[PDB]
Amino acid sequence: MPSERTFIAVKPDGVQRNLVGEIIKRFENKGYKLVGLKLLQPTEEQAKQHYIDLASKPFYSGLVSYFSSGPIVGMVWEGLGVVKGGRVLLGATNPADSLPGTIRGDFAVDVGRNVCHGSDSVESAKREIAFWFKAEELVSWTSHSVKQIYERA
């Protein structure tokens, strides 16, 4: 259904390198609907929990330190297939494997400085959204372009 949601974050390198607007533009251009947006400074414990599935991996310590080293921009986007589609926009995890046209393909080199995050499944997206956003920070609204973007609307 077009009401699917995903969590996207500009990581601290993406904020530092002035990629916030560019990343948001790509999601707006695609037809996805912005329903949550904030600038925040993750704590180490927040980073640990966000990446909890990766706790045994050797990059985890550095990942958690880096993710909490400076501000991120957290977002919630709504749209048909937006979890998968958000990942398509981001490009492959390792920028070396990402193609031009994607965020990581255009703007990143190193897997540890890969500028952005996106939820990897509908289930993890729900968890991430719930973790980073309060219900008061999510806005219910209708895009005036909804019938131009979706057939069934």
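Just count from 1 along the sequence shown to find any residue number.
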item: Check: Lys126 without coordinates in a third or more of other entries; value: no
item: Check: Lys57 without coordinates in a third or more of other entries; value: yes
item: Given 118-126 and 95-103, the range whose Cα B-factors average higher in the PDB entry; value: 118-126
item: Stretch with the greater mean C-alpha B-factor as recorded in the entry, comparing 142-150 against 1-9; value: 1-9
item: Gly36, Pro42, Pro58, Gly86, ranked by C-alpha B-factor: the highest one; value: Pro58
item: Ranked C-alpha temperature factor of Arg26 among modelled chain residues, by third; value: lowest
item: CA B-factor ranking of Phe67, expressed as a third of its chain; value: middle
